[PDB]
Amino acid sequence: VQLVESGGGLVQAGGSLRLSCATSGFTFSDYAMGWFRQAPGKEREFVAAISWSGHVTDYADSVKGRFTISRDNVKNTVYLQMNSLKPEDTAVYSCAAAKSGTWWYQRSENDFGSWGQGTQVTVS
């Protein structure tokens, strides 16, 4: 239900930062979580998603190997570790909770809900 992202900012190319999403109002381990990003004029696009246990992760080809999604099922938080940042990674990054709870490699905006407002990442 309630998701609030933090950890964005402005960095040089080649930098490293880590987004976090705090959560409230639902059983966190009942949901897969996903990160999406929206750059100027483009469609909101899938970045990464993680199953309830953390064992199943999926990444957009554009970020695989550079970003890592993880979660803490005690703190009820999702993370996006972003390494090897490029100017093309500049966007508002938002987190969402999956449709049902049983999620399986689903990447559409429409399979997620309860979006946060996001956090800006700018890479120069």
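Just count from 1 along the sequence shown to find any residue number.
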Which of 22 to 30 and 52 to 60 has higher mean CA B factor, as the PDB entry lists it: 22 to 30
Of 5 to 13 and 108 to 116, the one with larger mean CA B-factor: 108 to 116
Criterion, highest CA B-factor; candidates, 71, 66, 44, 99: 99
Ranked against its chain, the third holding the CA B-factor of residue 39: highest
